[PDB]
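Novice: Next comes the structure file input-v1.pdb, holding PDB, C-alpha atoms and all ligand atoms.
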```
ATOM      1  CA  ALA K 256     -28.938 -23.704  56.917
ATOM      2  CA  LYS K 257     -27.833 -23.434  53.263
ATOM      3  CA  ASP K 258     -26.996 -20.557  50.941
ATOM      4  CA  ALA K 259     -29.252 -18.883  48.365
ATOM      5  CA  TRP K 260     -27.385 -20.363  45.404
ATOM      6  CA  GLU K 261     -29.177 -23.650  46.211
ATOM      7  CA  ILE K 262     -32.281 -24.976  44.386
ATOM      8  CA  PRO K 263     -34.283 -28.247  43.865
ATOM      9  CA  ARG K 264     -33.491 -31.083  41.461
ATOM     10  CA  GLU K 265     -36.817 -31.570  39.626
ATOM     11  CA  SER K 266     -36.779 -28.060  38.006
ATOM     12  CA  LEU K 267     -33.452 -28.786  36.280
ATOM     13  CA  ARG K 268     -33.569 -30.560  32.915
ATOM     14  CA  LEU K 269     -30.515 -31.714  30.948
ATOM     15  CA  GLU K 270     -31.315 -31.696  27.221
ATOM     16  CA  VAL K 271     -28.043 -31.784  25.228
ATOM     17  CA  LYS K 272     -24.670 -33.503  25.918
ATOM     18  CA  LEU K 273     -21.928 -30.945  25.224
ATOM     19  CA  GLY K 274     -18.714 -32.749  26.160
ATOM     20  CA  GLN K 275     -17.102 -35.772  27.706
ATOM     21  CA  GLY K 276     -13.967 -36.169  29.850
ATOM     22  CA  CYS K 277     -11.796 -37.087  32.816
ATOM     23  CA  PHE K 278     -13.441 -34.089  34.670
ATOM     24  CA  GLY K 279     -17.286 -34.393  34.632
ATOM     25  CA  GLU K 280     -19.926 -33.731  31.933
ATOM     26  CA  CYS K 281     -20.716 -30.536  29.912
ATOM     27  CA  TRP K 282     -24.550 -30.499  29.216
ATOM     28  CA  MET K 283     -26.942 -27.814  27.851
ATOM     29  CA  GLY K 284     -30.231 -27.711  29.662
ATOM     30  CA  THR K 285     -33.322 -26.036  31.007
ATOM     31  CA  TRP K 286     -33.848 -24.685  34.501
ATOM     32  CA  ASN K 287     -37.413 -24.151  35.717
ATOM     33  CA  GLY K 288     -38.484 -25.639  32.321
ATOM     34  CA  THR K 289     -38.356 -22.221  30.588
ATOM     35  CA  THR K 290     -34.808 -20.928  31.033
ATOM     36  CA  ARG K 291     -31.853 -22.011  28.901
ATOM     37  CA  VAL K 292     -28.886 -23.022  31.019
ATOM     38  CA  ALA K 293     -25.448 -24.656  30.835
ATOM     39  CA  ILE K 294     -24.706 -27.476  33.202
ATOM     40  CA  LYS K 295     -21.602 -29.249  34.388
ATOM     41  CA  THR K 296     -21.694 -32.439  36.375
ATOM     42  CA  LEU K 297     -19.069 -33.932  38.671
ATOM     43  CA  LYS K 298     -18.528 -37.550  39.790
ATOM     44  CA  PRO K 299     -18.989 -39.129  43.251
ATOM     45  CA  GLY K 300     -16.241 -41.738  42.742
ATOM     46  CA  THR K 301     -13.387 -39.608  41.211
ATOM     47  CA  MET K 302     -13.712 -36.460  43.447
ATOM     48  CA  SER K 303     -15.331 -34.949  46.632
ATOM     49  CA  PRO K 304     -17.646 -31.956  47.122
ATOM     50  CA  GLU K 305     -15.361 -29.928  49.428
ATOM     51  CA  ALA K 306     -12.319 -30.544  47.162
ATOM     52  CA  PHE K 307     -14.003 -29.253  43.981
ATOM     53  CA  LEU K 308     -16.552 -26.830  45.583
ATOM     54  CA  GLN K 309     -13.535 -24.637  46.551
ATOM     55  CA  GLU K 310     -13.644 -23.671  42.865
ATOM     56  CA  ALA K 311     -17.328 -22.856  43.521
ATOM     57  CA  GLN K 312     -16.690 -20.309  46.318
ATOM     58  CA  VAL K 313     -14.213 -18.376  44.146
ATOM     59  CA  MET K 314     -16.907 -18.466  41.452
ATOM     60  CA  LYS K 315     -19.669 -17.510  43.952
ATOM     61  CA  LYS K 316     -17.547 -14.621  45.245
ATOM     62  CA  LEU K 317     -16.959 -13.131  41.765
ATOM     63  CA  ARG K 318     -19.912 -11.750  39.772
ATOM     64  CA  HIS K 319     -19.133  -9.642  36.641
ATOM     65  CA  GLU K 320     -20.684  -9.309  33.203
ATOM     66  CA  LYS K 321     -17.644 -10.806  31.387
ATOM     67  CA  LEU K 322     -17.113 -13.840  33.713
ATOM     68  CA  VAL K 323     -19.465 -16.777  33.207
ATOM     69  CA  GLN K 324     -22.188 -16.243  35.760
ATOM     70  CA  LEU K 325     -22.547 -19.282  38.115
ATOM     71  CA  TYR K 326     -26.328 -19.017  38.441
ATOM     72  CA  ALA K 327     -26.810 -21.916  40.899
ATOM     73  CA  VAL K 328     -25.493 -25.071  42.522
ATOM     74  CA  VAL K 329     -26.507 -28.518  43.792
ATOM     75  CA  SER K 330     -24.304 -29.308  46.808
ATOM     76  CA  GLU K 331     -25.261 -32.862  47.863
ATOM     77  CA  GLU K 332     -23.710 -35.479  45.568
ATOM     78  CA  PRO K 333     -24.343 -35.715  42.651
ATOM     79  CA  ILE K 334     -23.214 -32.094  42.159
ATOM     80  CA  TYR K 335     -24.719 -30.290  39.251
ATOM     81  CA  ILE K 336     -23.324 -26.751  38.930
ATOM     82  CA  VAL K 337     -25.301 -24.311  36.788
ATOM     83  CA  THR K 338     -24.383 -21.378  34.532
ATOM     84  CA  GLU K 339     -25.388 -18.953  31.756
ATOM     85  CA  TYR K 340     -25.269 -21.019  28.595
ATOM     86  CA  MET K 341     -22.914 -19.227  26.224
ATOM     87  CA  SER K 342     -24.249 -20.551  22.919
ATOM     88  CA  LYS K 343     -21.392 -20.221  20.444
ATOM     89  CA  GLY K 344     -19.069 -22.287  22.654
ATOM     90  CA  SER K 345     -15.405 -21.805  23.125
ATOM     91  CA  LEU K 346     -13.631 -19.075  21.219
ATOM     92  CA  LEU K 347     -10.936 -21.363  19.730
ATOM     93  CA  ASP K 348     -13.582 -23.350  17.986
ATOM     94  CA  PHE K 349     -15.542 -20.257  16.914
ATOM     95  CA  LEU K 350     -12.322 -18.934  15.243
ATOM     96  CA  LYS K 351     -11.294 -22.147  13.553
ATOM     97  CA  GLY K 352     -15.117 -22.320  12.922
ATOM     98  CA  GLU K 353     -16.862 -21.313   9.638
ATOM     99  CA  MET K 354     -17.327 -17.904  11.213
ATOM    100  CA  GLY K 355     -13.761 -17.266  12.160
ATOM    101  CA  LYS K 356     -13.293 -17.217   8.340
ATOM    102  CA  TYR K 357     -15.082 -14.006   7.651
ATOM    103  CA  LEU K 358     -14.274 -12.520  11.117
ATOM    104  CA  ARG K 359     -12.244  -9.336  10.655
ATOM    105  CA  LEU K 360      -9.941  -7.156  12.823
ATOM    106  CA  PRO K 361     -12.681  -4.795  14.357
ATOM    107  CA  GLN K 362     -14.269  -7.864  15.935
ATOM    108  CA  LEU K 363     -11.006  -9.624  16.686
ATOM    109  CA  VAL K 364      -9.857  -6.589  18.828
ATOM    110  CA  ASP K 365     -13.369  -5.783  20.187
ATOM    111  CA  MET K 366     -13.724  -9.350  21.613
ATOM    112  CA  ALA K 367     -10.184  -8.986  22.865
ATOM    113  CA  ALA K 368     -11.288  -5.728  24.475
ATOM    114  CA  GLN K 369     -14.294  -7.569  25.996
ATOM    115  CA  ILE K 370     -11.833  -9.983  27.647
ATOM    116  CA  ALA K 371      -9.375  -7.284  28.716
ATOM    117  CA  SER K 372     -12.500  -6.231  30.454
ATOM    118  CA  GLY K 373     -13.122  -9.523  32.359
ATOM    119  CA  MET K 374      -9.415  -9.752  33.284
ATOM    120  CA  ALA K 375      -9.483  -6.233  34.774
ATOM    121  CA  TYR K 376     -12.346  -7.193  37.100
ATOM    122  CA  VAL K 377     -10.414 -10.270  38.342
ATOM    123  CA  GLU K 378      -7.327  -8.027  38.611
ATOM    124  CA  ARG K 379      -9.191  -5.569  40.882
ATOM    125  CA  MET K 380     -10.611  -8.374  43.074
ATOM    126  CA  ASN K 381      -6.975  -9.685  43.481
ATOM    127  CA  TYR K 382      -7.268 -13.169  41.963
ATOM    128  CA  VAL K 383      -5.153 -15.010  39.428
ATOM    129  CA  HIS K 384      -6.368 -17.450  36.746
ATOM    130  CA  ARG K 385      -3.284 -19.618  36.060
ATOM    131  CA  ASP K 386      -4.844 -20.593  32.768
ATOM    132  CA  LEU K 387      -5.931 -18.052  30.151
ATOM    133  CA  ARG K 388      -6.362 -18.982  26.493
ATOM    134  CA  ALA K 389      -8.741 -18.920  23.461
ATOM    135  CA  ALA K 390      -9.550 -22.514  24.285
ATOM    136  CA  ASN K 391     -11.070 -21.116  27.605
ATOM    137  CA  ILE K 392     -12.740 -17.904  26.483
ATOM    138  CA  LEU K 393     -16.442 -18.350  26.045
ATOM    139  CA  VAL K 394     -18.680 -16.632  23.446
ATOM    140  CA  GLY K 395     -22.434 -16.068  22.895
ATOM    141  CA  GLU K 396     -24.925 -14.107  20.807
ATOM    142  CA  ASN K 397     -23.392 -11.211  18.797
ATOM    143  CA  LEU K 398     -19.823 -12.278  19.731
ATOM    144  CA  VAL K 399     -20.202 -11.804  23.455
ATOM    145  CA  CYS K 400     -16.980 -13.276  24.861
ATOM    146  CA  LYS K 401     -16.338 -14.168  28.529
ATOM    147  CA  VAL K 402     -13.253 -15.733  30.176
ATOM    148  CA  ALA K 403     -13.662 -18.803  32.441
ATOM    149  CA  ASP K 404     -11.906 -21.759  34.211
ATOM    150  CA  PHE K 405     -10.910 -19.577  37.270
ATOM    151  CA  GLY K 406      -9.747 -21.650  40.203
ATOM    152  CA  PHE K 424       0.195 -28.504  30.396
ATOM    153  CA  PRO K 425      -0.212 -25.070  28.659
ATOM    154  CA  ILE K 426       3.378 -23.849  28.667
ATOM    155  CA  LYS K 427       2.826 -21.994  25.338
ATOM    156  CA  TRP K 428       0.529 -19.425  27.111
ATOM    157  CA  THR K 429       2.611 -19.179  30.324
ATOM    158  CA  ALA K 430       5.054 -16.461  31.460
ATOM    159  CA  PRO K 431       8.650 -17.764  31.982
ATOM    160  CA  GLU K 432       8.623 -16.892  35.598
ATOM    161  CA  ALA K 433       5.511 -19.145  35.805
ATOM    162  CA  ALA K 434       6.689 -22.031  33.707
ATOM    163  CA  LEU K 435       9.962 -22.406  35.579
ATOM    164  CA  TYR K 436       9.337 -21.208  39.139
ATOM    165  CA  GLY K 437       5.593 -20.784  39.658
ATOM    166  CA  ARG K 438       5.438 -17.029  39.830
ATOM    167  CA  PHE K 439       1.767 -17.229  38.870
ATOM    168  CA  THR K 440       0.913 -13.569  39.373
ATOM    169  CA  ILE K 441      -1.423 -11.561  37.255
ATOM    170  CA  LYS K 442       1.526 -10.522  35.124
ATOM    171  CA  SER K 443       1.524 -14.186  34.042
ATOM    172  CA  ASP K 444      -2.209 -13.816  32.946
ATOM    173  CA  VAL K 445      -1.149 -10.787  30.787
ATOM    174  CA  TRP K 446       1.534 -12.756  29.019
ATOM    175  CA  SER K 447      -1.143 -15.290  28.224
ATOM    176  CA  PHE K 448      -3.494 -12.491  27.127
ATOM    177  CA  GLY K 449      -0.647 -11.412  24.876
ATOM    178  CA  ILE K 450      -0.533 -15.019  23.499
ATOM    179  CA  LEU K 451      -4.397 -15.075  23.319
ATOM    180  CA  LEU K 452      -3.828 -11.939  21.217
ATOM    181  CA  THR K 453      -2.089 -13.958  18.468
ATOM    182  CA  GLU K 454      -4.839 -16.505  18.324
ATOM    183  CA  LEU K 455      -7.590 -14.145  17.492
ATOM    184  CA  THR K 456      -5.301 -12.581  14.908
ATOM    185  CA  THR K 457      -4.311 -15.891  13.330
ATOM    186  CA  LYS K 458      -7.222 -18.119  13.548
ATOM    187  CA  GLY K 459      -6.539 -20.473  16.488
ATOM    188  CA  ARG K 460      -3.207 -21.445  14.855
ATOM    189  CA  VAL K 461      -0.889 -22.882  17.486
ATOM    190  CA  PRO K 462       1.035 -20.341  19.454
ATOM    191  CA  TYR K 463       4.704 -20.741  18.431
ATOM    192  CA  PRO K 464       4.400 -22.402  14.994
ATOM    193  CA  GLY K 465       6.929 -25.154  14.174
ATOM    194  CA  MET K 466       7.792 -25.522  17.825
ATOM    195  CA  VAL K 467       7.465 -27.707  20.840
ATOM    196  CA  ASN K 468       7.545 -27.281  24.540
ATOM    197  CA  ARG K 469      11.329 -27.423  25.099
ATOM    198  CA  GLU K 470      12.348 -25.583  21.971
ATOM    199  CA  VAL K 471       9.934 -22.838  23.291
ATOM    200  CA  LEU K 472      11.636 -22.116  26.573
ATOM    201  CA  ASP K 473      15.216 -22.477  25.207
ATOM    202  CA  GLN K 474      14.163 -19.746  22.628
ATOM    203  CA  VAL K 475      11.670 -17.600  24.588
ATOM    204  CA  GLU K 476      14.352 -16.996  27.176
ATOM    205  CA  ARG K 477      17.127 -16.600  24.670
ATOM    206  CA  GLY K 478      15.151 -13.506  23.521
ATOM    207  CA  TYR K 479      12.725 -14.779  20.895
ATOM    208  CA  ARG K 480       9.195 -13.536  20.621
ATOM    209  CA  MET K 481       6.490 -14.147  18.051
ATOM    210  CA  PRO K 482       6.801 -11.913  14.976
ATOM    211  CA  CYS K 483       3.806  -9.750  14.010
ATOM    212  CA  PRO K 484       1.305 -11.938  12.161
ATOM    213  CA  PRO K 485       0.773 -11.551   8.372
ATOM    214  CA  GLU K 486      -1.348  -8.399   7.820
ATOM    215  CA  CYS K 487      -1.498  -7.355  11.538
ATOM    216  CA  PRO K 488      -0.869  -3.673  12.691
ATOM    217  CA  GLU K 489       2.492  -3.031  14.409
ATOM    218  CA  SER K 490       0.667  -1.253  17.254
ATOM    219  CA  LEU K 491      -1.014  -4.531  18.296
ATOM    220  CA  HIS K 492       2.284  -6.267  17.939
ATOM    221  CA  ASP K 493       3.660  -3.588  20.317
ATOM    222  CA  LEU K 494       0.779  -4.402  22.671
ATOM    223  CA  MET K 495       1.704  -8.020  22.169
ATOM    224  CA  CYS K 496       5.494  -7.515  22.609
ATOM    225  CA  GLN K 497       4.908  -5.541  25.906
ATOM    226  CA  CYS K 498       2.713  -8.265  27.354
ATOM    227  CA  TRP K 499       5.838 -10.404  26.729
ATOM    228  CA  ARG K 500       8.463  -8.318  28.573
ATOM    229  CA  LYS K 501      11.037 -10.167  30.699
ATOM    230  CA  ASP K 502      10.445  -8.554  34.111
ATOM    231  CA  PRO K 503       6.834  -9.423  34.979
ATOM    232  CA  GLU K 504       5.862  -6.194  36.638
ATOM    233  CA  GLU K 505       6.716  -3.815  33.794
ATOM    234  CA  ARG K 506       4.034  -5.532  31.709
ATOM    235  CA  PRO K 507       0.899  -3.303  31.263
ATOM    236  CA  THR K 508      -2.164  -3.674  33.553
ATOM    237  CA  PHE K 509      -5.452  -5.279  32.320
ATOM    238  CA  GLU K 510      -7.131  -1.814  32.840
ATOM    239  CA  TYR K 511      -4.483  -0.153  30.786
ATOM    240  CA  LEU K 512      -5.213  -2.962  28.264
ATOM    241  CA  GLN K 513      -8.967  -2.760  28.657
ATOM    242  CA  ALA K 514      -8.664   0.861  27.598
ATOM    243  CA  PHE K 515      -6.061   0.542  24.839
ATOM    244  CA  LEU K 516      -8.105  -2.085  22.938
ATOM    245  CA  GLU K 517     -11.529  -0.478  23.595
ATOM    246  CA  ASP K 518     -10.427   2.917  22.075
ATOM    247  CA  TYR K 519      -8.057   1.251  19.547
ATOM    248  CA  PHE K 520      -9.587   2.469  16.274
ATOM    249  CA  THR K 521     -10.223   6.081  17.366
ATOM    250  CA  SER K 522      -7.009   6.648  19.329
ATOM    251  CA  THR K 523      -4.469   4.188  17.776
ATOM    252  CA  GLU K 524      -5.216   3.064  14.287
ATOM    253  CA  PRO K 525      -7.487   5.418  12.446
ATOM    254  CA  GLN K 526      -5.351   4.403   9.374
ATOM    255  CA  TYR K 527      -6.587   0.814   8.854
ATOM    256  CA  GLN K 528      -8.887   0.040   5.953
ATOM    257  CA  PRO K 529      -9.750  -3.727   5.731
ATOM    258  CA  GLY K 530      -7.601  -6.561   4.237
ATOM    259  CA  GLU K 531      -7.347 -10.213   3.029
ATOM    260  CA  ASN K 532      -7.717 -11.865   6.448
ATOM    261  CA  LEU K 533      -7.829  -9.136   9.043
TER     262      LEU K 533
HETATM  263  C1  LIG K 601     -17.803 -27.900  28.865
HETATM  264  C2  LIG K 601     -18.634 -26.556  28.548
HETATM  265  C3  LIG K 601     -19.014 -25.577  29.452
HETATM  266  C4  LIG K 601     -18.555 -25.439  30.856
HETATM  267  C5  LIG K 601     -19.472 -25.425  31.898
HETATM  268  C6  LIG K 601     -19.053 -25.338  33.217
HETATM  269  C7  LIG K 601     -17.695 -25.271  33.506
HETATM  270  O1  LIG K 601     -17.421 -25.253  34.876
HETATM  271  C8  LIG K 601     -16.367 -24.524  35.424
HETATM  272  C9  LIG K 601     -15.986 -24.915  36.703
HETATM  273  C10 LIG K 601     -15.001 -24.203  37.367
HETATM  274  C11 LIG K 601     -14.409 -23.108  36.770
HETATM  275  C12 LIG K 601     -14.812 -22.710  35.510
HETATM  276  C13 LIG K 601     -15.774 -23.427  34.816
HETATM  277  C14 LIG K 601     -16.765 -25.281  32.475
HETATM  278  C15 LIG K 601     -17.198 -25.349  31.159
HETATM  279  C16 LIG K 601     -19.858 -24.657  28.732
HETATM  280  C17 LIG K 601     -20.766 -23.600  29.029
HETATM  281  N1  LIG K 601     -20.857 -23.018  30.236
HETATM  282  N2  LIG K 601     -21.582 -23.132  28.059
HETATM  283  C18 LIG K 601     -21.486 -23.671  26.838
HETATM  284  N3  LIG K 601     -20.668 -24.644  26.409
HETATM  285  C19 LIG K 601     -19.874 -25.113  27.391
HETATM  286  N4  LIG K 601     -18.943 -26.144  27.261
HETATM  287  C20 LIG K 601     -18.158 -26.482  26.062
HETATM  288  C21 LIG K 601     -18.675 -25.987  24.706
HETATM  289  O2  LIG K 601     -20.065 -26.350  24.558
HETATM  290  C22 LIG K 601     -20.680 -25.660  23.474
HETATM  291  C23 LIG K 601     -16.284 -27.621  28.727
HETATM  292  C24 LIG K 601     -15.628 -27.908  30.014
HETATM  293  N5  LIG K 601     -15.120 -28.085  31.023
HETATM  294  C25 LIG K 601     -15.681 -28.427  27.572
HETATM  295  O3  LIG K 601     -16.075 -29.566  27.308
HETATM  296  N6  LIG K 601     -14.765 -27.785  26.833
HETATM  297  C26 LIG K 601     -13.470 -28.363  26.467
HETATM  298  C27 LIG K 601     -13.675 -29.577  25.576
HETATM  299  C28 LIG K 601     -12.679 -28.686  27.722
END
```
What does the file become when written as structure tokens?

Specialist:
Amino acid sequence: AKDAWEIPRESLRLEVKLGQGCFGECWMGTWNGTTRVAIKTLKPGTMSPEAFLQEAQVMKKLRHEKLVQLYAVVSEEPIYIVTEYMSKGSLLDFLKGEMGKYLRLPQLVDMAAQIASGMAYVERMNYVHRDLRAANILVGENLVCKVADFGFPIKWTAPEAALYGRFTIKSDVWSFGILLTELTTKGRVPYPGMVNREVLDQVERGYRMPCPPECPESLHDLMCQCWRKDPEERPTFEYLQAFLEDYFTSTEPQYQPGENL
């Protein structure tokens, strides 16, 4: 037999070309002719179904409101995989976007709360991401973020995981902590002035990103404890889901608005 995730090929319609790469093709499209959908294609001369449909299981296992819902699949090559179309694209581009201009701190932390969300659910289902960054975090109507790419970016990576490959969810927090600078300085490269070797050399030797211009020292504290040396005394994604979600009641009920944030 086959699983429920499967459907026919005539119902699908690809209607906009969203990307191009060494990986497959990002397309918008229509399923059943009256449902907006995001599609990614894979090649049958640069990969195999089993080899890349291992990323599908892990997707098909996980189903949460802040991870990009894998609606459906086409298993026999060619292999269209199908997904909720988040409209506003990646978060990095939405923040260097026109919008990211007027975007203020209440939405920069709320989105960041929405993702602390998603990374809690992974965290409870005992998975790691390996890669977490603004360049990965999706977004849709009314700023609805989601994380994605589940199953080199050394600027977002915990030292244990750059050097040894201790990719454990206290690497994905460090990243989240780097993610946390991006929202709060609009997609401006983590670690300004600096390049992948200078990073480590310094990172280790103690150095951590100073609080951004105009950014509350509490969030810098949240940042600076996602970047603690010993992985496991970083905070959990649930602790973080909470701290961010109740931030303006419980933490900063002292902030009036500013010149960027
Ligand atoms: C293309 C893209 C996607 C998108 C769709 C499916 C995947 O598949 C996948 C497989 C395994 C694990 C995680 C994810 C990835 C990305 C997408 C969606 N879903 N909705 C809207 N836009 C989307 N884009 C890009 C922005 O389009 C507005 C991306 C990929 N891969 C991509 O091209 N982004 C970067 C340039 C890499």

Novice: Step by step, work through what the PyMOL selection byres (((not hetatm)) within 10 of (chain K and resi 601)) selects in the shown file, and finish by giving those residues as a PDB file with C-alpha atoms, in the coordinates of the input.

Specialist:
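Now in selection-v7.pdb:
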```
ATOM      1  CA  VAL K 271     -28.043 -31.784  25.228  1.00  0.00           C
ATOM      2  CA  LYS K 272     -24.670 -33.503  25.918  1.00  0.00           C
ATOM      3  CA  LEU K 273     -21.928 -30.945  25.224  1.00  0.00           C
ATOM      4  CA  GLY K 274     -18.714 -32.749  26.160  1.00  0.00           C
ATOM      5  CA  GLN K 275     -17.102 -35.772  27.706  1.00  0.00           C
ATOM      6  CA  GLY K 276     -13.967 -36.169  29.850  1.00  0.00           C
ATOM      7  CA  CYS K 277     -11.796 -37.087  32.816  1.00  0.00           C
ATOM      8  CA  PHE K 278     -13.441 -34.089  34.670  1.00  0.00           C
ATOM      9  CA  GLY K 279     -17.286 -34.393  34.632  1.00  0.00           C
ATOM     10  CA  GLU K 280     -19.926 -33.731  31.933  1.00  0.00           C
ATOM     11  CA  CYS K 281     -20.716 -30.536  29.912  1.00  0.00           C
ATOM     12  CA  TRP K 282     -24.550 -30.499  29.216  1.00  0.00           C
ATOM     13  CA  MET K 283     -26.942 -27.814  27.851  1.00  0.00           C
ATOM     14  CA  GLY K 284     -30.231 -27.711  29.662  1.00  0.00           C
ATOM     15  CA  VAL K 292     -28.886 -23.022  31.019  1.00  0.00           C
ATOM     16  CA  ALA K 293     -25.448 -24.656  30.835  1.00  0.00           C
ATOM     17  CA  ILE K 294     -24.706 -27.476  33.202  1.00  0.00           C
ATOM     18  CA  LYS K 295     -21.602 -29.249  34.388  1.00  0.00           C
ATOM     19  CA  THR K 296     -21.694 -32.439  36.375  1.00  0.00           C
ATOM     20  CA  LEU K 297     -19.069 -33.932  38.671  1.00  0.00           C
ATOM     21  CA  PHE K 307     -14.003 -29.253  43.981  1.00  0.00           C
ATOM     22  CA  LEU K 308     -16.552 -26.830  45.583  1.00  0.00           C
ATOM     23  CA  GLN K 309     -13.535 -24.637  46.551  1.00  0.00           C
ATOM     24  CA  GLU K 310     -13.644 -23.671  42.865  1.00  0.00           C
ATOM     25  CA  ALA K 311     -17.328 -22.856  43.521  1.00  0.00           C
ATOM     26  CA  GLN K 312     -16.690 -20.309  46.318  1.00  0.00           C
ATOM     27  CA  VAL K 313     -14.213 -18.376  44.146  1.00  0.00           C
ATOM     28  CA  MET K 314     -16.907 -18.466  41.452  1.00  0.00           C
ATOM     29  CA  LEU K 322     -17.113 -13.840  33.713  1.00  0.00           C
ATOM     30  CA  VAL K 323     -19.465 -16.777  33.207  1.00  0.00           C
ATOM     31  CA  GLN K 324     -22.188 -16.243  35.760  1.00  0.00           C
ATOM     32  CA  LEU K 325     -22.547 -19.282  38.115  1.00  0.00           C
ATOM     33  CA  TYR K 335     -24.719 -30.290  39.251  1.00  0.00           C
ATOM     34  CA  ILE K 336     -23.324 -26.751  38.930  1.00  0.00           C
ATOM     35  CA  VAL K 337     -25.301 -24.311  36.788  1.00  0.00           C
ATOM     36  CA  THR K 338     -24.383 -21.378  34.532  1.00  0.00           C
ATOM     37  CA  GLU K 339     -25.388 -18.953  31.756  1.00  0.00           C
ATOM     38  CA  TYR K 340     -25.269 -21.019  28.595  1.00  0.00           C
ATOM     39  CA  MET K 341     -22.914 -19.227  26.224  1.00  0.00           C
ATOM     40  CA  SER K 342     -24.249 -20.551  22.919  1.00  0.00           C
ATOM     41  CA  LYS K 343     -21.392 -20.221  20.444  1.00  0.00           C
ATOM     42  CA  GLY K 344     -19.069 -22.287  22.654  1.00  0.00           C
ATOM     43  CA  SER K 345     -15.405 -21.805  23.125  1.00  0.00           C
ATOM     44  CA  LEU K 346     -13.631 -19.075  21.219  1.00  0.00           C
ATOM     45  CA  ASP K 348     -13.582 -23.350  17.986  1.00  0.00           C
ATOM     46  CA  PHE K 349     -15.542 -20.257  16.914  1.00  0.00           C
ATOM     47  CA  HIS K 384      -6.368 -17.450  36.746  1.00  0.00           C
ATOM     48  CA  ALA K 390      -9.550 -22.514  24.285  1.00  0.00           C
ATOM     49  CA  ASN K 391     -11.070 -21.116  27.605  1.00  0.00           C
ATOM     50  CA  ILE K 392     -12.740 -17.904  26.483  1.00  0.00           C
ATOM     51  CA  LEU K 393     -16.442 -18.350  26.045  1.00  0.00           C
ATOM     52  CA  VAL K 394     -18.680 -16.632  23.446  1.00  0.00           C
ATOM     53  CA  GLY K 395     -22.434 -16.068  22.895  1.00  0.00           C
ATOM     54  CA  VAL K 402     -13.253 -15.733  30.176  1.00  0.00           C
ATOM     55  CA  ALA K 403     -13.662 -18.803  32.441  1.00  0.00           C
ATOM     56  CA  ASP K 404     -11.906 -21.759  34.211  1.00  0.00           C
ATOM     57  CA  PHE K 405     -10.910 -19.577  37.270  1.00  0.00           C
ATOM     58  CA  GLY K 406      -9.747 -21.650  40.203  1.00  0.00           C
TER      59      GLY K 406
END
```

Novice: One decimal, Å: what's the distance from CA of residue 291 in chain K over to CA of residue 326 in chain K, could you say?

Specialist: 11.4 Å

Novice: Could you make a table, as CSV, of the residues of range 362-470 of chain K that have an atom within 12 Å of an atom of range 505-529 of chain K, each with its nearest atom pair and distance in Å to one decimal, counting only C-alpha atoms, in chain and number order?

Specialist:
```
residue,atom,partner,partner_atom,distance
K:362,CA,K:516,CA,11.0
K:363,CA,K:516,CA,10.2
K:364,CA,K:516,CA,6.3
K:365,CA,K:517,CA,6.6
K:366,CA,K:516,CA,9.3
K:367,CA,K:516,CA,7.2
K:368,CA,K:516,CA,5.1
K:369,CA,K:513,CA,7.7
K:370,CA,K:513,CA,7.8
K:371,CA,K:513,CA,4.5
K:372,CA,K:513,CA,5.3
K:373,CA,K:513,CA,8.8
K:374,CA,K:509,CA,6.1
K:375,CA,K:509,CA,4.8
K:376,CA,K:509,CA,8.6
K:377,CA,K:509,CA,9.3
K:378,CA,K:509,CA,7.1
K:379,CA,K:510,CA,9.1
K:430,CA,K:506,CA,11.0
K:440,CA,K:506,CA,11.5
K:441,CA,K:508,CA,8.7
K:442,CA,K:506,CA,6.5
K:443,CA,K:506,CA,9.3
K:444,CA,K:509,CA,9.2
K:445,CA,K:509,CA,7.2
K:446,CA,K:506,CA,8.1
K:447,CA,K:506,CA,11.6
K:448,CA,K:509,CA,9.1
K:449,CA,K:506,CA,10.2
K:452,CA,K:516,CA,10.9
```

Novice: Which of these, K:286, K:315, K:459, K:332, has the shortest distance to residue 303 in chain K once you count only C-alpha atoms?

Specialist: K:332

Novice: Measuring atom to atom with only C-alpha atoms, identify which of K:435, K:481, K:317, K:360 is nearest to residue 493 in chain K.

Specialist: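 Among K:435, K:481, K:317, K:360, it is K:481 that comes nearest to residue 493 in chain K.
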
Novice: Can you turn the PyMOL selection byres (((chain K and resi 330) around 10) and not hetatm) into a concrete residue list for this file, as a list in words?

Specialist: residues 257, 260, 261, 262, 304, 305, 308, 327, 328, 329, 331, 332, 333, 334, 335 and 336 of chain K

Novice: Let me know the residues the PyMOL selection byres (((chain K and resi 468) around 10) and not hetatm) catches in the file above, as a ChimeraX atom specification.

Specialist: /K:424-427,463,466-467,469-473

Novice: To one decimal place, how far is CA of residue 462 in chain K from CA of residue 354 in chain K in Å?

Specialist: 20.3 Å

Novice: CA of residue 499 in chain K and CA of residue 479 in chain K, how far apart in Å?

Specialist: 10.0 Å

Novice: Can you tell me, as JSON, numbers by chain, what residues are no more than 7 Å from range 484-490 of chain K when counting only C-alpha atoms, ignoring any on the same chain fewer than 2 positions away?

Specialist: {"K": [457, 482, 492, 493, 494, 533]}

Novice: Could you check which of K:483, K:380, K:495, K:434 is closest to residue 319 in chain K, using only C-alpha atoms?

Specialist: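 Smallest separation from residue 319 in chain K among the options: K:380.
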
Novice: Check the smallest atom-to-atom distance from each of K:436, K:387, K:321, K:264 to residue 401 in chain K using all atoms listed in the file, then report the winner.

Specialist: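 Residue with the minimum atom-to-atom distance to residue 401 in chain K: K:321.
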
Novice: For residue 454 in chain K, which residue out of K:300, K:431, K:355, K:288 is the nearest one, using all atoms listed in the file?

Specialist: K:355

Novice: For each of K:385, K:265, K:497, K:504, take the minimum atom-to-atom distance to residue 437 in chain K, counting all atoms listed in the file, then give the residue where this is smallest.

Specialist: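 Result for the nearest residue to residue 437 in chain K: K:385.
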